[PDB]
Each structure stands twice: as structure tokens, then as C-alpha cells.
Amino acid sequence: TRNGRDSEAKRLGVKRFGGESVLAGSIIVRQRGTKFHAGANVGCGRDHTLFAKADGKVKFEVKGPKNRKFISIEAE
Amino acid sequence: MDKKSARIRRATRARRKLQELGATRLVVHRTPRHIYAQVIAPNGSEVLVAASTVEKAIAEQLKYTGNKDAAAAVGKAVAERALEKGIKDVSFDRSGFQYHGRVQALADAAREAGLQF
Amino acid sequence: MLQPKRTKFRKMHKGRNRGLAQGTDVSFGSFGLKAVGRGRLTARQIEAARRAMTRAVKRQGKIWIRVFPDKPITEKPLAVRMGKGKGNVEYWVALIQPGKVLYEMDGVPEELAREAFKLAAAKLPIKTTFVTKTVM
Amino acid sequence: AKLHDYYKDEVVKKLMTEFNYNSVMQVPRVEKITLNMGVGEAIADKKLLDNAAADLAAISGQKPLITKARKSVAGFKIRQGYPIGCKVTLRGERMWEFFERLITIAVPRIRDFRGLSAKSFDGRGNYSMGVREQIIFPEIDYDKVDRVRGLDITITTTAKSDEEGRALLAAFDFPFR
Amino acid sequence: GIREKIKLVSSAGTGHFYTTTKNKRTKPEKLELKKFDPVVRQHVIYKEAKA
Amino acid sequence: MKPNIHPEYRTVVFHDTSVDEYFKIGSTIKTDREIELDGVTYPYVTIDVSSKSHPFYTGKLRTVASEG
RNA sequence: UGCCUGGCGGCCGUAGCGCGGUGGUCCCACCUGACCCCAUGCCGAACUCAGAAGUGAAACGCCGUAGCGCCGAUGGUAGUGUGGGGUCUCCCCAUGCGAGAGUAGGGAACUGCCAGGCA
RNA sequence: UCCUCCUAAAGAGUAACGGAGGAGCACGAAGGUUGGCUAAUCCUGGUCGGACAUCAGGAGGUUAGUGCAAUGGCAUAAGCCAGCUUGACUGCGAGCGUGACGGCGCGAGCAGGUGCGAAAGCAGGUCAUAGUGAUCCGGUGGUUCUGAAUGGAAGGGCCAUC
RNA sequence: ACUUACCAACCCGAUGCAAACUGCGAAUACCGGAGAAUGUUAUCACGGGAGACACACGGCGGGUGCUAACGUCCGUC
Ligand SMILES: [Mg+2]
Ligand SMILES: [Mg+2]
Ligand SMILES: [Mg+2]
Ligand SMILES: [Mg+2]
Ligand SMILES: [Mg+2]
Ligand SMILES: [Mg+2]
Ligand SMILES: [Mg+2]
Ligand SMILES: [Mg+2]
Ligand SMILES: [Mg+2]
Ligand SMILES: [Mg+2]
Ligand SMILES: [Mg+2]
Ligand SMILES: [Mg+2]
Ligand SMILES: [Mg+2]
Ligand SMILES: [Mg+2]
Ligand SMILES: [Mg+2]
Ligand SMILES: [Mg+2]
């Protein structure tokens, strides 16, 4: 019975794209599940935010037998 | 789940965690007849040192190749071989076997001989 | 009269109807009745036309209906303000794009299917044309 | 253990020459015997299960695992996780000693026994059978039984076919038709 | 919502307390948990009390 | 086989009736001993029901008619 | 240097499943035994130990093999950025990008470090 | 008021008395860690047993499961057991995200002390996203603060909390 | 327990349809690095003064309405 409701947008998504240079700690993705998984020099917080563990350049790759999306950070 | 595939599944997590850490791992492999040890570099694709009961130099001194006493010799050997190659700090990859029988004899022996883990 | 037996949702955004048809060959029968215009066929339209072609052949041969009205259409009645919620589902259409094979038929002489498809054609709100099976 | 020997000393020989297997490892092997009691009504009497397990325990010679409902379903008015049966998996020595007691002194104590089915095979060589009365087992003290109760037997085998599976059992002169 | 607030109190002399909740019904006994007392800077047994 | 939770399990001896082929077996039953130090218990065994024991019945199971 | 095995990886279906064939000196596997280390919401099944009588049956590996999966053009078709137009719910022209599906066709992986066995 | 999907035009965001749904809780384990495990559904066989309980085999391959709505995730399991436990730690915090603001969030790393593990290592609650109420006034405990002549006290501040 | 012109989900092959379907998937858009030309710094910060928070038609993409309204609500020019 009756519609009319929604919730605030959570402003998720990619925050730094391929190549963007970041200082450690910078959030690279906000996500709900692990669409992107954390790779080298990247951390995964409790809401599956991927963040930088090192200064460097953001690098998206696809790795492994499940073709999962991975984010790493290359030193620059 | 078929013994082999099951053990590997048991092992995958610790190894990815180990890959992330960049550790040079001391990887053990057990079989009913033999025990094997490889010190593998962080890239995962080059073995720096190795010893096992499959090399004649080792088995010659052993009663039976597949037991705890033999594993203790293998442990002692890799440790020595690794130190002569300058290697000291490693991490143990029990590779899905329980840390317990033979496997535990081997680690203790590498540790008895100065290998750091 | 055709209608989805059940659906995931009651109602559907209006949407649009650009594009060319899919399913454009006589793929079941020997002859077909093909769409030339863009538009909506109602469940009742499919029926008014289906009866006629079936009358027309004295229930001989065989008939296929290639379209199905899975789109719910709503309406707001007299004396209703705009808004205050979406209308109620009143009827169902299938969206037709130029080229849709609507009906197929076989087991009858070419001459008779044309009469029958001609009779149905008078019941539909979109221009149609008569087609035949084709190798390749 | 006597019947493991009859398997080794005598059955292999019979089966190799029966099916002309190339390797002795093709000969069907009895892998395990699993006893089960579908209790079903402990949901009302929590105590009916305890007495069933102990019946199996003296029958099989080991503490049974009591099996819970894999899935709630209202048809038998059972909630998930409700104890609703008990089981025993027999292997090695214990399995064989049971196999003997079964043929040598239980099936004979079946009421008006006339033989067992030979068609109760699952189609890939395993045999399953029921008993109506657990009082056929002499580990059961007729005076003490709270209640007569039945029992599932399944002999899981390594035959690939029923024809092979039957010869294994047949070769023990297992009572049939 | 039926879940009551309680305080766990330091078994040392300090009057340090952590705060939590409890289903006081089903689990009526007193919650007792080792936690860090920042006043003695050591881990100590903490024992449920009222709020 | 798991210490301290199972049902004894001895090598019992089983005595049969009008036939002198006892067997000895695992079993858990309780009775009273003899020869080399075992158990005993008189039933009516496999070599007895007339589809194991093949023919010869008679005994004290039942019959099927008297004379004629 | 070669063939074979085993262990750690790269790649992540051209790399898989099937179907067939195939190997046991070594490896490997089933295996033998189990009091005990150690284990089983019961079970030496699995974990684990001591072993080496038997087997390549299963599994595993290798070889083949297009029944699948998988891969996949050319052309055309859909769409679409900008500009312009029409009979403007939709379409068309110039120009740029240009799918998906389908077709031809490929395809029975390829590869590094280490170690053992045969030659 | 808040959460989830769609509308929403492939970054974010985006209206309507548009289209569906859901929260105002729960858990001292359903939190931590070490070790371990792998669903659903169908066929065949099986005492009482049935279309459906428990047992076995095969097929299958996550269609299961997640305390609950939706979406997104999850096998290295985040899904299912067990042992030992209190990291459901105190002080901080590079650097970020999101917000008119008030705020909200993510966060390696440092110090102290701690649990699990042989160890590398994990742990600052729960697979994530709802489960909520600013200020004032006032209660309770603590306190190297303040204490209207002076020492106290009352009141006040400061930390915790209701 | 046997059987019927019956009605039949699953599965196989053939064919459509989906805002809340995806084993695929653009054009544009947006974020980032470098670089030249051009552009009255067009950018950013702080600081003084504001106004404004009724919007309208048209085009493209849409929800709603009848792909009705000089209708109505968003996005974009
Ligand atoms: Mg074994
Ligand atoms: Mg074979
Ligand atoms: Mg293509
Ligand atoms: Mg968006
Ligand atoms: Mg957009
Ligand atoms: Mg684990
Ligand atoms: Mg059944
Ligand atoms: Mg420790
Ligand atoms: Mg949980
Ligand atoms: Mg005064
Ligand atoms: Mg004073
Ligand atoms: Mg300004
Ligand atoms: Mg206003
Ligand atoms: Mg306004
Ligand atoms: Mg406006
Ligand atoms: Mg207007």
C-alpha cells in the first residue's frame, strides 16, 4: 500500500580513475560488495571502500581465473 | 571434495595473504612416501633453494623416506642451503596440510638450524 | 483473449517504440501477415483478427500468432485530477514495429490465406502486407 | 574379521573369474555399512530417540550420530534442526563383524524368514534393505525393549553395476530368491 | 527495544566503566568480561551493574 | 575409535542348538563365559532357517502337516 | 640437450567437458596397518601416523579426437556525436564512432623457475 | 524521519500525491582468531515413511545460504561447525569521501595493553548499506580544574554516562 | 492396483517481449597526464556590497497524462 519513498543517494562510485596519482589513504572506490577487489597497495575497509596504502598511480587490472576486477597502486 | 583439490582449497587463503606480504615462503609438500621443501621467491615463479627425500644425497641416510625422522632431515637441509645463499627470514606455507606430523617435524628442524620464522 | 498469466510488476513505464521489427520471416507456417506500420495491437485486436481468419478457413489448416500483448496499459477515468497516483491497468497491447510477422498460417491454399489475412487486416490499426515462406 | 577373510581368501577369486577383470582393483569391494533409524516422532517424545540410538548402539557397537532435519517442512510438521533420526556408519573390522552377525544370527531370527530381496539395489551397485523388528538382533534384550522398532541397512559398494554388486553379496551366499 | 542499557564496571578501584546493553530476560546473569581499564592502563575484569 | 563413549564390545561366543557349530563374534551382549574366556548364548542360527540351512527342518520351529 | 613425472607460478575456456586410447623402473595414486601422535557432533571416510604385499581399477598425467562449451572475422544491419532536413509518437541527408546477433573460420592451450627418473 | 531498486539519459547527482518494498530491532555470540567444512533441486534404492522427514548412490554446481527489505557482494568463502577467547580494546591518526552548515563516513600507521595462531599474521564489533533525536535544563560516578575576605563547602568546568 | 480423445510443469529444438532481465554492448559524457596555439585571469583564495530562491517556450532524452493540452515533474542545450 502506497509508494512514495526513497533514500539518499550514497554518492558511490569511482573516485580516482586509471592513472590518477594519489597519496596513501585516498579512497579509490566506494562500493557495496567487492565489485573491484583490492590488489597491491590497496586496502579494503568495512564498507568495501578501496583505499590507497601507498603514494602512487591508480591502476585497474583484471586478474585471475574468475576475471575479477582488481585495483592496485603502482609507484610512479 | 577429492583429497587434492580439497587441500589446495584449504591452502589458497594463506598463500594469497602471503603473496600480498611479499614473503619468501618455505613451501612444504607431503606425500605418503616422500617429503619435499622449496624456498620460493616472492614473485612466486623462481625457487631459490630446495631439498627433499627424492634426492639421493638425502635418502641414503634415512630408514624410510616417508616418516617424521626423514622430514626432520629435509627441514635441516633447506635451512642450511638457504643460509649459504644468504636467506634467513622466511614464512612457512604448510600448503593445506595440518601443521602437525611430518610437516611439524620439518619446520622445527629448519628452525633448529637458524631459519627465521 | 491474450494476457500474461502473471507478471513481475503490475504496471510499466510508457516508454517509446522506435526501431525495426524482430522475427521477420515466416518461421512456422507457409504464409504470413506482416506489419508495415509502427504501433499498438490490443489483445482484443489480435482476437478480432484471429477469429476472422479462422472463420475464413472453416477451421482448416493451422494458425500461429506471433505476437503477444505483454504490455499493461493504464487509464485515468472521467472526473479525475491529474496525479494522485498512476492509472489502473485496463487493457494490454503488444508493441509493433515495421516488419513484425503477426500471424502465420499454413495448411491452406495460397488464395485462401490471402482472403483470410485480408479479412483480419481490416481489424487492425496498422498497415500490413502478405508474405510467403522463404528458403534462406 | 572372519568375513573379511572370506572376502580376501575366497571372494576375490570368485569375482575375478566371474567378470574376468584385468586388475584385482576392479573387483567390487564392500566399502561401508550405514545403519539408520528414521524416528520421525521424537518431535513429540524427545525420549523416543534416546532409546533408538541405544538400540543401534548395542546393535552396531558404536554411539550413533543423531540426524537433524536438513530442512523444515510443514508436511511432517517438523522445524529445521529438529532431531528426527539417528545413524551409524560402519567401516573396517566393526563393519565386517556386523556383516556376519547380520547373516549368521539375525536374518535367521526374522519371523518366518524366506529370503531377502535381490532387487533392492540402487542401480550403481549399492544394496539397501529394511528390518521390521530390531528384536531379531540378540544384542536386544526382548524384556527391556521399550517398543519394537525398525531399521534401514545400506551396503555401499564399489561395483559400478548391480550385476557386479549382486555377485559380491551373492558370493557370501547372501539369502535371496 | 526490550534490550536494556547496562554498565560494566572495572574491578580495580577506578570508577571506570564501559557501557553496553543486555537482553536482561533470557540472559539474566551478570555479564563479566575482561577489558582495558585506562586508569590503571591494564586489562582487568569488568563486571555488570545497573545504569 | 574415540575413547570412553562406546558399548564395551567383547568377542562373545554363540552357542547353537541341535548342532555343534558355535561361532564367536564381536557383539556387545552380556551373558556368562567358558572355554578360553569369552561368553555364550543358545539361539537358532543361520545353518538353521530352511532357506539358509537349505532343507532339513524338523526341529522346534514348526511343521507342515502330520502323515498322509 | 631430449622424453617422463612431480612441486611453485604466468595466463584465465583457442586454456573446459565429452568420447576414445594410454602410462607405473622413478614420480604419483589408490594401497597395507593403526595400540599410539593425531583424529571422527558416529565412522582411521576425512584428517593423521607406521609402512611398501598389491594395483594402475578409480584418480591423475599424456596422446588423439569437432559431440558440446569457448573463440571468432569480412560484409551488412542497430544505435549515436556534430551539422542540416521531413510527411516530426517516427524517420531522412552529410560526416565521424560504429555494435549485438548471426556467417566463413579457429580450436583438443601456451609458458617460467626448481627437482627427480630414463635415454 | 531513515534504507534499498527503478524513473536516472553507461562518473556523481537529479523531480513528481511516479513505480515496488523495508527500518525505528537483533546477537556476549549471531563478536574475535585458529583449524575445519560446502549448498539448492531432480532420478534410483531403502522399516513403519506418505508427493515431502532420516539413510545411500548418481546427476547438478550455488539456482543454496546470509538474524530481515532491495540491490550489490561473497568459495581465499562474507555461507556451516568446533576449540581458545573479549580487539563489541583506551589514547591518536597520514590521507581521503560526502556535505550550505550542524555533521556523517572510510582509514593505513603510531603508543599502551590484549585475544587467537607454531608462524607469516589477523582483531578498534556483525558481508555492506536502515535499526534514529541537535540544543538547553537536569540525574549519577570520576576529577593535578575552579572555590566571591581566608580554609572548607555549595555551585561551576573538565572526562564518562543517564 | 489398470486405463483414457483428456489436461500437463521439467527437459529438447524452433520464435517474440522487459524501467525495477544481462552469458554482450556502443556513440557521447565525465576524471586524470602531457603539450601548443588562443583567450583583457578567463582559475583559485580571502575580503566589501548584492540580488535571487514564481520562471516561460523550443530542441533532444524521459516520468506522468491519452507519446492530449500554451498540461505537469526532471535532466540537457
Ligand atoms: Mg589411507
Ligand atoms: Mg585407470
Ligand atoms: Mg561482432
Ligand atoms: Mg548515475
Ligand atoms: Mg549519466
Ligand atoms: Mg580459515
Ligand atoms: Mg524416494
Ligand atoms: Mg602465542
Ligand atoms: Mg554474520
Ligand atoms: Mg562568601
Ligand atoms: Mg573563599
Ligand atoms: Mg567568494
Ligand atoms: Mg521558495
Ligand atoms: Mg521555486
Ligand atoms: Mg524548471
Ligand atoms: Mg507550461
# chains A, B, ... in the order shown; residues from 1 in each chain; ligands from 1

$ residues_near_ligand --ligand "ligand 9" --cutoff "8 Å" --atoms "only C-alpha atoms (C1' of nucleotides) and all ligand atoms" --output "list in words"
residues 30, 66, 67, 78, 126 and 127 of chain H

$ write_last_selection --atoms "N, CA, C and O atoms (P, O5', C5', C4', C3', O3' and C1' of nucleotides)" --output "PDB file, in the first residue's frame"
ATOM      1  P     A H  30      26.198 -18.286  17.889  1.00  0.00           P
ATOM      2  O5'   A H  30      25.823 -17.678  16.456  1.00  0.00           O
ATOM      3  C5'   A H  30      26.807 -17.284  15.490  1.00  0.00           C
ATOM      4  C4'   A H  30      26.653 -15.835  15.044  1.00  0.00           C
ATOM      5  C3'   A H  30      27.174 -14.805  16.030  1.00  0.00           C
ATOM      6  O3'   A H  30      27.593 -13.656  15.330  1.00  0.00           O
ATOM      7  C1'   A H  30      24.937 -14.432  15.705  1.00  0.00           C
ATOM      8  P     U H  66      19.643 -18.133   5.433  1.00  0.00           P
ATOM      9  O5'   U H  66      20.759 -17.037   5.530  1.00  0.00           O
ATOM     10  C5'   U H  66      21.878 -17.320   6.332  1.00  0.00           C
ATOM     11  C4'   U H  66      22.906 -16.215   6.327  1.00  0.00           C
ATOM     12  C3'   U H  66      22.464 -14.882   6.892  1.00  0.00           C
ATOM     13  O3'   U H  66      23.391 -14.509   7.893  1.00  0.00           O
ATOM     14  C1'   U H  66      23.438 -14.581   4.728  1.00  0.00           C
ATOM     15  P     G H  67      22.948 -13.598   9.130  1.00  0.00           P
ATOM     16  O5'   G H  67      21.870 -14.480   9.900  1.00  0.00           O
ATOM     17  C5'   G H  67      20.569 -14.669   9.358  1.00  0.00           C
ATOM     18  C4'   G H  67      19.473 -14.363  10.341  1.00  0.00           C
ATOM     19  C3'   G H  67      18.498 -13.326   9.865  1.00  0.00           C
ATOM     20  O3'   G H  67      17.468 -13.904   9.114  1.00  0.00           O
ATOM     21  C1'   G H  67      19.268 -12.794  12.010  1.00  0.00           C
ATOM     22  P     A H  78      35.092 -15.426   5.253  1.00  0.00           P
ATOM     23  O5'   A H  78      33.553 -15.120   5.372  1.00  0.00           O
ATOM     24  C5'   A H  78      33.055 -14.377   6.478  1.00  0.00           C
ATOM     25  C4'   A H  78      31.785 -13.714   6.094  1.00  0.00           C
ATOM     26  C3'   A H  78      30.799 -14.667   5.427  1.00  0.00           C
ATOM     27  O3'   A H  78      29.463 -14.369   5.804  1.00  0.00           O
ATOM     28  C1'   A H  78      31.357 -12.935   3.938  1.00  0.00           C
ATOM     29  P     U H 126      32.006  -5.063  11.736  1.00  0.00           P
ATOM     30  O5'   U H 126      31.105  -6.320  12.132  1.00  0.00           O
ATOM     31  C5'   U H 126      31.569  -7.648  11.987  1.00  0.00           C
ATOM     32  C4'   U H 126      30.436  -8.633  12.072  1.00  0.00           C
ATOM     33  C3'   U H 126      29.436  -8.593  10.906  1.00  0.00           C
ATOM     34  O3'   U H 126      28.811  -9.854  10.655  1.00  0.00           O
ATOM     35  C1'   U H 126      28.317  -8.160  12.894  1.00  0.00           C
ATOM     36  P     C H 127      29.601 -11.086  10.013  1.00  0.00           P
ATOM     37  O5'   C H 127      30.022 -10.547   8.609  1.00  0.00           O
ATOM     38  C5'   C H 127      29.134 -10.609   7.517  1.00  0.00           C
ATOM     39  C4'   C H 127      29.645  -9.735   6.395  1.00  0.00           C
ATOM     40  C3'   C H 127      29.020  -8.365   6.334  1.00  0.00           C
ATOM     41  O3'   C H 127      29.648  -7.465   7.186  1.00  0.00           O
ATOM     42  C1'   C H 127      29.080  -9.300   4.199  1.00  0.00           C
TER      43        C H 127
END

$ select_by_dssp --residues "chain D" --states "helix (DSSP H, G or I)" --output "PyMOL selection string"
chain D and resi 2-19+24-26+46-60+74-76+92-105+107-109+134-136+162-170

$ residues_around --residues "residue D:49" --least-positions-apart "3" --cutoff "9 Å" --atoms "only C-alpha atoms (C1' of nucleotides)" --output "ChimeraX atom specification"
/D:39-42,45-46,52-54,66,83-86

$ write_last_selection --atoms "C-alpha atoms" --output "CSV table (one decimal), in the first residue's frame"
chain,number,residue,atom,x,y,z
D,39,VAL,CA,12.5,-41.8,14.2
D,40,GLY,CA,10.1,-39.1,12.9
D,41,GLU,CA,8.2,-38.9,16.2
D,42,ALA,CA,10.8,-37.7,18.7
D,45,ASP,CA,8.6,-37.6,22.6
D,46,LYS,CA,12.1,-36.3,23.0
D,52,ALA,CA,16.5,-45.8,19.5
D,53,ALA,CA,20.1,-44.7,19.5
D,54,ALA,CA,21.0,-47.0,22.3
D,66,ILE,CA,21.5,-38.3,15.6
D,83,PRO,CA,16.3,-34.3,15.7
D,84,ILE,CA,14.3,-36.6,13.7
D,85,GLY,CA,16.5,-39.8,13.4
D,86,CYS,CA,19.8,-41.5,14.2

$ residues_around --residues "residue G:72" --least-positions-apart "4" --cutoff "12 Å" --atoms "only C-alpha atoms (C1' of nucleotides)" --output "ChimeraX atom specification"
/G:14,102-107

$ select_by_dssp --residues "chain D" --states "strand (DSSP E)" --output "PyMOL selection string"
chain D and resi 30-38+65-68+83-90+127-131+151-157

$ atom_distance --atom1 "atom CA of residue B:43" --atom2 "atom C1' of residue H:107"
28.2 Å

$ closest_atom_pairs --of "chain H" --to "ligand 5" --cutoff "12 Å" --atoms "only C-alpha atoms (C1' of nucleotides) and all ligand atoms" --output "Markdown table"
| residue | atom | partner | partner_atom_place_in_ligand_line | distance |
| --- | --- | --- | --- | --- |
| H:8 | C1' | ligand 5 | 1 (Mg) | 7.6 |
| H:9 | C1' | ligand 5 | 1 (Mg) | 6.2 |
| H:10 | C1' | ligand 5 | 1 (Mg) | 6.8 |
| H:11 | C1' | ligand 5 | 1 (Mg) | 7.3 |
| H:12 | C1' | ligand 5 | 1 (Mg) | 8.8 |
| H:13 | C1' | ligand 5 | 1 (Mg) | 9.3 |
| H:14 | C1' | ligand 5 | 1 (Mg) | 10.0 |

$ residues_around --residues "stretch 15-17 of chain C" --least-positions-apart "5" --cutoff "12 Å" --atoms "only C-alpha atoms (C1' of nucleotides)" --output "list in words"
residues 37, 38, 39, 40, 71, 72, 73, 94, 95, 96, 97 and 98 of chain C; 89 and 90 of chain G; 7 of chain H; 18, 19, 61, 62, 63, 64 and 67 of chain I

$ closest_residue --among "D:161, D:80, D:128, D:104" --to "chain H" --atoms "only C-alpha atoms (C1' of nucleotides)"
D:128

$ residues_around --residues "residue A:49" --least-positions-apart "6" --cutoff "6 Å" --atoms "only C-alpha atoms (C1' of nucleotides)" --output "list in words"
residues 29, 30 and 31 of chain A

$ residues_near_ligand --ligand "ligand 15" --cutoff "10 Å" --atoms "only C-alpha atoms (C1' of nucleotides) and all ligand atoms" --output "number ranges by chain"
H: 15; I: 55-56, 73-74

$ residues_around --residues "residue D:29" --least-positions-apart "5" --cutoff "8 Å" --atoms "only C-alpha atoms (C1' of nucleotides)" --output "PyMOL selection string"
chain D and resi 157-159+168

$ residues_near_ligand --ligand "ligand 3" --cutoff "12 Å" --atoms "only C-alpha atoms (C1' of nucleotides) and all ligand atoms" --output "PyMOL selection string"
(chain G and resi 72-77+98-103) or (chain I and resi 24-26)

$ residues_near_ligand --ligand "ligand 7" --cutoff "10 Å" --atoms "only C-alpha atoms (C1' of nucleotides) and all ligand atoms" --output "list in words"
residues 43, 44, 45, 46, 49, 51 and 52 of chain H

$ residues_near_ligand --ligand "ligand 10" --cutoff "10 Å" --atoms "only C-alpha atoms (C1' of nucleotides) and all ligand atoms" --output "VMD selection string"
chain H and resid 148 to 150

$ closest_atom_pairs --of "chain H" --to "ligand 6" --cutoff "8 Å" --atoms "only C-alpha atoms (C1' of nucleotides) and all ligand atoms" --output "tab-separated table"
residue	atom	partner	partner_atom_place_in_ligand_line	distance
H:34	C1'	ligand 6	1 (Mg)	7.4
H:35	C1'	ligand 6	1 (Mg)	7.0
H:36	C1'	ligand 6	1 (Mg)	7.6

$ write_last_selection --atoms "N, CA, C and O atoms (P, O5', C5', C4', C3', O3' and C1' of nucleotides)" --output "PDB file, in the first residue's frame"
ATOM      1  P     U H  34      43.571 -16.128  12.024  1.00  0.00           P
ATOM      2  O5'   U H  34      43.610 -17.523  12.782  1.00  0.00           O
ATOM      3  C5'   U H  34      44.831 -18.017  13.298  1.00  0.00           C
ATOM      4  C4'   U H  34      44.665 -19.438  13.759  1.00  0.00           C
ATOM      5  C3'   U H  34      44.243 -20.427  12.692  1.00  0.00           C
ATOM      6  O3'   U H  34      45.296 -20.845  11.835  1.00  0.00           O
ATOM      7  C1'   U H  34      42.953 -20.777  14.635  1.00  0.00           C
ATOM      8  P     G H  35      44.891 -21.666  10.517  1.00  0.00           P
ATOM      9  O5'   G H  35      44.106 -22.895  11.126  1.00  0.00           O
ATOM     10  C5'   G H  35      44.731 -24.150  11.306  1.00  0.00           C
ATOM     11  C4'   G H  35      43.715 -25.219  11.579  1.00  0.00           C
ATOM     12  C3'   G H  35      42.763 -25.568  10.450  1.00  0.00           C
ATOM     13  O3'   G H  35      43.329 -26.341   9.386  1.00  0.00           O
ATOM     14  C1'   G H  35      41.554 -25.321  12.459  1.00  0.00           C
ATOM     15  P     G H  36      42.830 -26.071   7.870  1.00  0.00           P
ATOM     16  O5'   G H  36      41.363 -26.750   7.861  1.00  0.00           O
ATOM     17  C5'   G H  36      41.212 -28.094   8.324  1.00  0.00           C
ATOM     18  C4'   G H  36      39.822 -28.499   8.717  1.00  0.00           C
ATOM     19  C3'   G H  36      38.747 -28.393   7.649  1.00  0.00           C
ATOM     20  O3'   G H  36      38.692 -29.508   6.744  1.00  0.00           O
ATOM     21  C1'   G H  36      37.977 -27.415   9.690  1.00  0.00           C
TER      22        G H  36
END

$ interface_residues --of "chain B" --to "chain A" --cutoff "10 Å" --atoms "only C-alpha atoms" --output "list in words"
residues 19, 20 and 21 of chain B

$ write_last_selection --atoms "N, CA and C atoms" --output "short mmCIF file (atom, residue, chain, number, x, y, z; two decimals), in the first residue's frame"
data_model
loop_
_atom_site.label_atom_id
_atom_site.label_comp_id
_atom_site.auth_asym_id
_atom_site.auth_seq_id
_atom_site.Cartn_x
_atom_site.Cartn_y
_atom_site.Cartn_z
N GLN B 19 51.30 -13.75 -0.47
CA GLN B 19 51.69 -13.01 -1.69
C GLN B 19 51.60 -11.53 -1.45
N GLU B 20 50.58 -11.12 -0.74
CA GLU B 20 50.38 -9.71 -0.50
C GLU B 20 51.53 -9.18 0.31
N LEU B 21 52.03 -9.99 1.23
CA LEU B 21 53.06 -9.57 2.17
C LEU B 21 54.45 -9.57 1.55
#

$ interface_residues --of "chain D" --to "chain F" --cutoff "10 Å" --atoms "only C-alpha atoms" --output "JSON, numbers by chain"
{"D": [1, 2, 54, 57, 58, 59, 60, 61, 62, 63, 64, 93, 94, 96, 97, 98, 100, 101, 102, 103, 104, 105, 106, 107, 108, 109, 110, 112, 113, 114, 115, 137, 138, 139, 140, 141, 173, 174, 175, 176, 177]}

$ write_last_selection --atoms "C-alpha atoms" --output "short mmCIF file (atom, residue, chain, number, x, y, z; two decimals), in the first residue's frame"
data_model
loop_
_atom_site.label_atom_id
_atom_site.label_comp_id
_atom_site.auth_asym_id
_atom_site.auth_seq_id
_atom_site.Cartn_x
_atom_site.Cartn_y
_atom_site.Cartn_z
CA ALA D 1 37.05 -60.29 10.71
CA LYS D 2 36.26 -63.82 9.57
CA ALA D 54 20.96 -47.03 22.31
CA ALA D 57 24.46 -48.65 19.78
CA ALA D 58 24.17 -52.20 21.07
CA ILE D 59 23.36 -53.43 17.58
CA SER D 60 26.22 -51.73 15.77
CA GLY D 61 28.62 -51.25 18.63
CA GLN D 62 29.15 -47.53 18.42
CA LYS D 63 27.49 -44.34 19.54
CA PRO D 64 25.10 -43.12 16.85
CA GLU D 93 36.63 -54.54 11.43
CA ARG D 94 33.42 -53.41 13.04
CA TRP D 96 32.60 -56.91 8.98
CA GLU D 97 31.69 -58.28 12.39
CA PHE D 98 28.32 -56.70 11.87
CA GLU D 100 28.43 -61.62 9.87
CA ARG D 101 26.09 -61.21 12.91
CA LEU D 102 23.60 -59.99 10.31
CA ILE D 103 23.59 -63.12 8.15
CA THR D 104 24.74 -65.63 10.70
CA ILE D 105 22.30 -64.74 13.58
CA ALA D 106 19.65 -62.05 12.87
CA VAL D 107 18.17 -62.69 9.49
CA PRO D 108 17.54 -66.22 10.73
CA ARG D 109 15.58 -64.69 13.61
CA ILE D 110 13.32 -62.90 11.22
CA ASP D 112 9.08 -66.85 9.05
CA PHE D 113 12.16 -65.90 7.06
CA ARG D 114 12.05 -66.96 3.39
CA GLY D 115 14.95 -64.92 1.93
CA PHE D 137 19.28 -58.75 16.95
CA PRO D 138 20.41 -60.65 20.05
CA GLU D 139 22.01 -57.51 21.40
CA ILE D 140 18.40 -56.52 22.03
CA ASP D 141 17.02 -57.94 25.30
CA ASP D 173 25.68 -66.76 -0.07
CA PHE D 174 23.61 -63.81 0.96
CA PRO D 175 19.97 -65.05 1.22
CA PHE D 176 17.90 -64.11 -1.76
CA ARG D 177 15.20 -65.63 -4.07
#

$ residues_near_ligand --ligand "ligand 14" --cutoff "12 Å" --atoms "only C-alpha atoms (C1' of nucleotides) and all ligand atoms" --output "PyMOL selection string"
chain I and resi 52-55

$ write_last_selection --atoms "N, CA, C and O atoms (P, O5', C5', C4', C3', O3' and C1' of nucleotides)" --output "PDB file, in the first residue's frame"
ATOM      1  P     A I  52      15.656  40.426  -5.395  1.00  0.00           P
ATOM      2  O5'   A I  52      16.133  39.022  -5.895  1.00  0.00           O
ATOM      3  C5'   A I  52      16.033  38.676  -7.261  1.00  0.00           C
ATOM      4  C4'   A I  52      16.380  37.222  -7.519  1.00  0.00           C
ATOM      5  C3'   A I  52      15.518  36.253  -6.773  1.00  0.00           C
ATOM      6  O3'   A I  52      14.331  35.984  -7.481  1.00  0.00           O
ATOM      7  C1'   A I  52      17.718  35.778  -6.262  1.00  0.00           C
ATOM      8  P     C I  53      13.051  35.543  -6.662  1.00  0.00           P
ATOM      9  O5'   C I  53      13.469  34.110  -6.156  1.00  0.00           O
ATOM     10  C5'   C I  53      13.821  33.076  -7.068  1.00  0.00           C
ATOM     11  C4'   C I  53      14.182  31.844  -6.280  1.00  0.00           C
ATOM     12  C3'   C I  53      13.170  31.281  -5.306  1.00  0.00           C
ATOM     13  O3'   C I  53      12.159  30.542  -5.940  1.00  0.00           O
ATOM     14  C1'   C I  53      15.314  31.219  -4.361  1.00  0.00           C
ATOM     15  P     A I  54      10.683  30.499  -5.355  1.00  0.00           P
ATOM     16  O5'   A I  54       9.912  31.660  -6.132  1.00  0.00           O
ATOM     17  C5'   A I  54       9.964  31.690  -7.547  1.00  0.00           C
ATOM     18  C4'   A I  54       8.708  31.245  -8.193  1.00  0.00           C
ATOM     19  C3'   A I  54       8.806  31.060  -9.721  1.00  0.00           C
ATOM     20  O3'   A I  54       8.229  29.809 -10.144  1.00  0.00           O
ATOM     21  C1'   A I  54       7.005  32.482  -9.190  1.00  0.00           C
ATOM     22  P     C I  55       8.929  28.442  -9.717  1.00  0.00           P
ATOM     23  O5'   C I  55      10.146  28.360 -10.710  1.00  0.00           O
ATOM     24  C5'   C I  55       9.877  28.104 -12.080  1.00  0.00           C
ATOM     25  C4'   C I  55       9.367  29.308 -12.892  1.00  0.00           C
ATOM     26  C3'   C I  55       9.119  29.025 -14.375  1.00  0.00           C
ATOM     27  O3'   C I  55       7.867  28.475 -14.646  1.00  0.00           O
ATOM     28  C1'   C I  55      10.305  31.078 -14.133  1.00  0.00           C
TER      29        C I  55
END
